[PDB]
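Notes to accompany the following structure.
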Amino acid sequence: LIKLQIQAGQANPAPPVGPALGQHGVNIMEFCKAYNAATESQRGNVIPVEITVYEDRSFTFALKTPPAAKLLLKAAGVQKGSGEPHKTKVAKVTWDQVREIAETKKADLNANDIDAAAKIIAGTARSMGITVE
Amino acid sequence: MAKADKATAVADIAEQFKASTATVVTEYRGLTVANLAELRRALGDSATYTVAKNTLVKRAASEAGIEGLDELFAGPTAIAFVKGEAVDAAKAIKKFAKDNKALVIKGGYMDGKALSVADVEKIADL
Amino acid sequence: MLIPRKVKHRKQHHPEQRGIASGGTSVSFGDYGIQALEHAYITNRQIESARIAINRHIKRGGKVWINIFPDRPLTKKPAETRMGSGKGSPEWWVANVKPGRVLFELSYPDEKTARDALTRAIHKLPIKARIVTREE
Amino acid sequence: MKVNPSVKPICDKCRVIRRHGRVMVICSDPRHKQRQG
Amino acid sequence: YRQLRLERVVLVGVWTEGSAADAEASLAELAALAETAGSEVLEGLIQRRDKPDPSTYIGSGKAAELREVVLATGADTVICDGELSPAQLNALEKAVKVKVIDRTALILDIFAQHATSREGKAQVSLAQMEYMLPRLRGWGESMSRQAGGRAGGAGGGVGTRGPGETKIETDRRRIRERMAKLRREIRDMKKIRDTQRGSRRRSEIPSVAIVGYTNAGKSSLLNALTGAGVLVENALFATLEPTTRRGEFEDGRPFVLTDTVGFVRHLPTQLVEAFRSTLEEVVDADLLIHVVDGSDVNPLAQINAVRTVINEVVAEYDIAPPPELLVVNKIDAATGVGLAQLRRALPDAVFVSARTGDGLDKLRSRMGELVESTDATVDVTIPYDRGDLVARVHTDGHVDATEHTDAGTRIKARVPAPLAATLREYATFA
Amino acid sequence: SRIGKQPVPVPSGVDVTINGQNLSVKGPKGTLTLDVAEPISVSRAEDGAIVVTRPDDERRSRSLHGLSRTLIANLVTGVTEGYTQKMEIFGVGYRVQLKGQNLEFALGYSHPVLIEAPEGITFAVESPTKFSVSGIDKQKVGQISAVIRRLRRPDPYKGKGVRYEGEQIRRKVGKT
Amino acid sequence: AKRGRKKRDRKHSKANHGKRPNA
Amino acid sequence: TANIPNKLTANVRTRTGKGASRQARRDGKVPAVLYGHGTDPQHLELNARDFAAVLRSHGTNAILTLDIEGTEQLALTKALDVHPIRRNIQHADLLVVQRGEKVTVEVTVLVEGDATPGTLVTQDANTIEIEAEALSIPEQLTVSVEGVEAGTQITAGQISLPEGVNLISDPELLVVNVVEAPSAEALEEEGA
RNA sequence: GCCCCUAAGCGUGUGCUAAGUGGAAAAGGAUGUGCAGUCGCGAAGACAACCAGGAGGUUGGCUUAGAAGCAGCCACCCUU
RNA sequence: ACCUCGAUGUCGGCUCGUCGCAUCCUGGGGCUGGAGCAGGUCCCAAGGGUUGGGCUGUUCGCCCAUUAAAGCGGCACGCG
Ligand SMILES: Nc1nc2c(ncn2[C@@H]2O[C@H](COP(=O)(O)OP(=O)(O)NP(=O)(O)O)[C@@H](O)[C@H]2O)c(=O)[nH]1
């Protein structure tokens, strides 16, 4: 029903989580601690989670790899995306780094080609406006 | 739906068809695109799966001994090429098919001639 | 708004209509143009309205030419009077259009927007017209 | 509903037809349905 | 036919009361209006009298002097700083041998020139012909055009049956016919728009109306606060059709800025009836922004003009006076003492440069605080499952303090009475 | 022509009779009858099928071919499975009550409203807030379903009324 | 108006050949 | 470059005049006249359909081969009298042209490309004159307007001609002008 | 002019019209219909139909309480 | 300027009508910026109805008290 992103470092963020998924009837109190215990080794890196709830609100949390935007921008050090994607340069990235991010994301991707996922991440970067080569 | 691309698709099919020592043709009607990921991860040691358009596969079937599968070119084509021999890949292809139930093996080809589903499954289980 | 700055005679016979245009029948200044299929007396008011229509449709560029000019004088007698006492004073200015003669010319990169502007203009006009272009 | 001698499919959903000898328009939005007369 | 054409101008004015400053300002604004109409000002004559000249608005010797002046300058029109009778018009015409136009006729022709669409054409035509009827004899002797003729009236031997004489055709007969029909539509459009104005009133959305002097930045304030561009400003030396658009206060609460036509000293009442279309906006308005040019050295004249017109309008419907915010625009044009000469008399006015927004922050704060919010101050705590209610608070509500706790979202906000009743259960003071 | 050419299968538990121009079809549910347009010919295939053909390829024949074909198809489907159209009612205080061969709606009117099931159709009720109408003829089933629909005028503002299960009716808003 | 229109239209006929007296 | 002369048939017109010519146009034969240095001209009937087909395929200066009474005759159409209301080809002028004969011909000038975003193109002369042997006449020429900056003038002398082709027309003639795009206010000013 | 009023043809052959058009009318609207001529895709499966594929990269970035694919803005790349 | 000058007697009010619908009310619908009430607009509809007074010669016009409503036009600006 709901899929958001959260960083293992903390829990129960007000705007991102407060009115986001608690609105749909999710046991945030237990879910946040379960997610933290499951993925605390990642420290403060944001990680995507998708919640599957049953009739009785019994919940299961599925984890995916950290966002490709963060993986592309942190290397240069910028912690945010392009305000006007493709219009303002924000960082520089290498083709090897793009392919490594693609291989990491292949779990997130629905894809089965590593080079094609590399193309995926190259698009994901240059559309924001990041030099890729 | 392209015409000039007919020859390109036929050539791309035929090159890998001859490169593969043996090939098996199935219908994959039922599996979400994701399940192909697990299928390829399981068969990556000895075989590779790929989809194709029967409209051109039938035309290309006259190049080699897959002509015996003329009656079998129905449903959504799924070629599971095997690098070498047929058992090495069949032993896993048959088990994955029996598990997921989204694949039905209908034809095969080896030694320049077609072999029946019974032959393919016997090689798989042997 | 177009008005001849001077005219040798200010009270002329009615421009005759019969015949087909022997000149000005080929678009020459722009990509598309408006051709006329029947006679009329296009006046400066209608010409100005059609021009405003085209310019307001395009809104940012292109170029428009008016291959016709209203210069023939036409006079109406004073209101509520009888027959006699000479011709009236010149009130409205018309151009004697004939079938074939091209009226407006337009050059704009976008073919469909150009056609739309030309359609708006032909609607504002009082005559049956059609869009044509340079090619045979 | 509108009744004008000019009927226009004023949006992508609008559909023109000829019913009982009279043209008209239908749309998922009743604001647009109109007849020719 | 029957139009107006100040070809070139030679102003004439009579100083009856007040001061030479008042007389010169009046004649100068008259010249400004004439220039706007297009005539070129050649010279401006002023005659000082204790009371007007009910003969021809000036002395006979002065009229002869003006005839000589006009012949010498080759002028074509004489514009008089006043509203005069047909007899005075005819006297001046026979003294000067040229077309003679007045302030009222000039303003009416300016309106005819400006008006583009809407009911404005009908309003202008009715005002012009209602002003022409009293001067039907004056303008009717200063015909102009006409194509000459001879009488134009000869039926025939009557016998036992008088001429049809059911003349339903006359100068204004149509104007009369027309306006009689078109008043109904004037009211109907008002009412159909009011159908939604009532819903605007249902919400906190208040009505704010700009009351300003003609060509007094009246559209600059709109383009500064609302931001929306206004075609030809929809506000200038003479606009007819008022406009309006939805802006926001200092706090954020929505409202409508209503740009309206400016005013002139003693605007002809024939046009105050067309102004009614924008001057019911003053009664509808929750707030009034009284704008005045900052470069003026005698602001009080225009201030009193606007005040008296608005008083005349309000007296009709006995509506309580709305809040009034005095605004001085184009402030940079004057000196410090130039601003002081206005500030000392009227210190509460806010001086804002619409060209750059200097002080616009204080202007927004003042107007937002003057337009008191029609909300309710409510503190509440709602569980996390009511994220939709928190979203509705964000959308329609007025958040003052939003925080979160395990129990729910502690929100202190100003909210409408319906929603306050809806979520009264979780109120801290339940 | 297209659709009109496709022959109509006749399931095993079916009976057909192509008598003259008229067609009669019987089965477990009941009997039904139909007629055909003169410029369209009908015949019985040797393999349990109904064949419909035309002697020309004109406008009327082309239009009528698919018509007649689907008419026969619906006839044969009715004589075996008939049709059943669902319904449902929204609005607090709204109810439906079965009175045997007739049905009652309480729709907020001053007087509760009675609708009588005509010959060859039955009203079944699963609850006060939902029901169904069943018969052997699609035309009659749909006509009665629409007549039930017409009872309460559409209420976009709140949506209360009788509508089919799958209908997703428009929904505007009122100020207060 | 109808009177005049019909009076004229009587002119287009097989035995008149497009010309009738008085228009 | 070269082109194959297009084969056409042509029957000598039995009788002439307005009536004969318009009856021929009525029944589908466009009348035309073949003249040139080859003595007194002759008058021909050409099939309008295929004639128009070849004309639209190969421009207005295509090279023809008339099977007049079977006798082959190379020719070049010089001009077409075309009605201005219904674009019906009412007359054709054909010029007997022998192999390798140098002729003066009128050739269109196409424009291809686009200027800077704040710019507009304005072609000014469709036809330019050219001298070339009968069989080497291009159907059209092209002028590049890619990446052009600000005010730009392209004249007949600034285009790239084919080989075996000479520019009869004056080289300074302006054929394309690229100018800054008009504004809306400039549009309104136009025609004032 | 030739079905009866009303003298002579409900004449012969080939097609068009559904409007009693015939047996009044404009700008303009439109998917009525016959013919002719074009250009795109098309058994290598054209359009339709049923969809098992149509999922995911991923909040594509900024705006975001918030726009997670479809409150908005920028690119708008990508397999399987 | 076509009939009427060896005569076609004119405005308003009265009596008596009759016809058109381009509908003021009553009746049936569509859309609504149609919560309800009450509105706005358009379509169909001519069966019946459509007040009395003050000023005005008055047509017309303004006002008072009602009313579901106080419709608009043709008939020698119906009818001496
Ligand atoms: N004094 C002053 N006036 C300003 C300022 N900004 C805008 N305006 C007014 O804005 C007007 C802009 O033109 P507009 O209002 O559209 O009408 P207009 O110029 O008066 N037309 P016209 O010349 O015919 O009177 C200027 O004439 C000026 O009156 C400002 O800073 N100071």
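In which sequence would E:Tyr1, E:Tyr384, F:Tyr83 go, from the one with the fewest C-beta neighbours within 10 Å to the one with the most?
E:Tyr1, F:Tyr83, E:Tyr384
Quick one: 3J(HN,Hα) in Hz for the range C:115-122, Karplus 6.51/-1.76/1.60 with θ = phi - 60°, rounded, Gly and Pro as x.
4, 5, 4, 5, 5, 4, 4, 5
Give the angle, between 0 and 90 degrees and rounded to the nearest 10, that separates the Cα long axis of helix E:360-370 from the longest principal axis of the Cα atoms of chain E.
80
Across peptide A:18-25, what mean number of C-beta atoms from other chains lies inside 10 Å of a residue's C-beta?
What the average comes to for A:18-25 is 6.
Between B:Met1 and E:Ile186, how high is the FRET efficiency from 1/(1 + (r/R0)^6) when r is the Cβ-Cβ distance and R₀ = 60 Å? Nearest 0.05.
0.45
List the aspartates and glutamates whose Cα lies under 17 Å from the Cα of D:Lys2, skipping any in the same chain that are fewer than 8 positions away.
D:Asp29
What nm value, rounded to one decimal, do you get for the distance between D:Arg31 and E:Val272 when each label is placed 7 Å out toward the C-beta?
A separation of 4.1 nm, rounded to one decimal place.
If amide H atoms are built 1.01 Å from N in the plane of the peptide, which residues on other chains or at least 5 residues away come under 5 Å of the amide H of C:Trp92?
Answer set, sorted by chain and number: C:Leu74.
For chain A, what is the calculated [θ] at 222 nm in deg cm²/dmol (nearest 500), taking -39500 (n - 2.57) for each run of four or more DSSP H residues and dividing by its residue count?
-11500 deg cm²/dmol
Treating the angle as unsigned and between 0 and 90°, give the value, to the nearest 10°, between the Cα long axis of helix F:138-149 and the longest Cα principal axis of chain F.
Tilt of helix F:138-149: around 20 degrees.
Relative contact order (percent) for chain H, with alpha-carbon contacts under 8 angstrom and 6 or more residues of separation?
Relative contact order of chain H: 18 percent.
Going by amide H atoms built from the backbone, whose H comes under 5 Å of the H on H:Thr9, apart from near neighbours?
Answer set, sorted by chain and number: H:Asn47, H:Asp67.
With springs connecting C-alpha atoms under 10 Å apart, model chain C as a Gaussian network and identify which of C:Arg72, C:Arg45, C:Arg82 has the largest mean-square fluctuation.
Result: C:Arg82 has the largest fluctuation of those listed.
Take chain F, connect every pair of alpha-carbon atoms lying under 10 Å apart with a spring to form a Gaussian network, then pick out the residue of F:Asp137, F:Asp15, F:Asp155 with the largest mean-square fluctuation.
Highest fluctuation of the listed residues: F:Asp155.
Suppose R0 equals 35 Å. What FRET efficiency, 1/(1 + (r/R0)^6) with r the Cβ-Cβ distance, do D:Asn4 and F:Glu38 give to the nearest 0.05?
0.25
Which percent, to the nearest 5, of DSSP beta bridges fully inside the range H:1-98 are antiparallel?
That works out to approximately 75 percent antiparallel.
If you take every DSSP beta bridge whose two residues both sit in the range H:99-192, what share of them, in percent to the nearest 5, is antiparallel?
Roughly 75 percent of the DSSP beta bridges within the range H:99-192 come out antiparallel.
With θ set to phi - 60°, apply the Karplus curve 6.51 cos²θ - 1.76 cosθ + 1.60 along the range H:7-17 and write out the HN-Hα couplings as whole Hz, x wherever there is a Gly or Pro.
For the range H:7-17, the Karplus-derived couplings read 7, 9, 9, 7, 9, 4, 5, 5, 9, 10, x Hz, x marking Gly and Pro.
Mean-square fluctuation check for chain E, GNM, Cα pairs under 10 Å: which of E:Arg193, E:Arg135, E:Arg183 is largest?
E:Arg193
Please average, across the residues of A:107-117, the number of beta carbons from any other chain that are within 10 Å of each residue's own beta carbon, and give a whole number.
Across A:107-117, the average partner-chain Cβ count within 10 Å equals 2.
Normalised by the residues of chain B, what does the relative contact order come to in percent, with Cα pairs under 8 Å and at least six apart?
Worked out over chain B, it gives 36 percent.
Please give the FRET efficiency for G:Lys2 paired with C:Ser28, using the beta carbon to beta carbon distance and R0 = 60 Å, rounded to the nearest 0.05.
0.75
I'd like the mean, over residues of E:384-391, of how many other protein chain beta carbons sit within 10 Å of each residue's own Cβ.
That average works out to 5.
Angle check, please: helix A:95-105 long axis (alpha carbons) against the longest principal axis of chain A (alpha carbons), in degrees 0 to 90, nearest 10.
20
Would you calculate the separation in nanometres between label points at E:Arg307 and A:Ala14, each defined as 7 Å from the Cα along the Cα-to-beta-carbon direction?
4.9
Among the DSSP beta bridges whose two residues both lie in the protein assembly as shown, what percent are antiparallel, rounded to the nearest 5?
Antiparallel bridges make up about 75 percent of those DSSP assigns within the protein assembly as shown.
Extending each Cα 7 Å along its Cβ direction at F:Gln6 and F:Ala73, get the distance between those two points in nm, one decimal.
Modelled inter-label distance: 0.4 nm.
Would you work out if the range E:39-152 is rounded, prolate or oblate? Take a ≥ b ≥ c from the square roots of the eigenvalues of the alpha-carbon gyration tensor; rounded if a/c is under 1.5, else prolate when a/b is larger than b/c, oblate otherwise.
Cα axes put the range E:39-152 in the prolate bin.
For a quick check of your reading of the filter: which trypsin sites (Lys or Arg not before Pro) in the range H:47-146 sit in a DSSP loop and have no more than 12 other Cβ atoms within 10 Å?
Filter output for the range H:47-146: H:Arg86, H:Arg87, H:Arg99.
Would you mind calculating the relative contact order of chain E from Cα pairs under 8 angstrom and at least 6 residues apart, reporting the percent as a whole number?
RCO, chain E: 10 percent.
So, with +1 on the Cβ of K and R and -1 on the Cβ of D and E, and no other charges, what is the size of the charge dipole of chain E about its Cα centre, to the nearest 20 debye?
Charge dipole of chain E: 1860 debye, to the nearest 20.
Enumerate the amide H contacts of E:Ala376 below 5 Å, restricted to partners 5 or more residues apart or on another chain; note that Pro and chain-start residues carry no placed amide H.
Those lying under 5 Å, H to H, from E:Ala376 are E:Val415.
Using only helices, what value at 222 nm comes out for chain H when you add -39,500 (n - 2.57) per DSSP H run of length 4 or more and divide by the total residues, to the nearest 500 deg cm²/dmol?
Helix contribution divided over all residues of chain H: -4000 deg cm²/dmol.
Order by neighbour count: A:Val78, F:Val36, fewest other Cβ atoms within 10 Å first, most last.
A:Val78, F:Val36
Using a cut-off of 10 Å between beta-carbons, work out the net charge of the residues near H:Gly164 (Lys and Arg +1, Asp and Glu -1, H:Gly164 not included).
-2
Under the Karplus relation 6.51 cos²θ - 1.76 cosθ + 1.60, θ = phi - 60°, what is the ordered set of whole-Hz ³J(HN,Hα) values for the range H:36-51, x standing for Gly and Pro?
Couplings: x, 4, x, 6, 4, x, 9, 10, 10, 10, 10, 5, 4, 4, 5, 4 Hz.
Quick reminder, even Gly has a Cβ in these numbers, built from the backbone with ideal geometry, and neighbours come from all protein chains shown. None of the figures in this text is laboratory data; all of them are computed from the coordinates on show.
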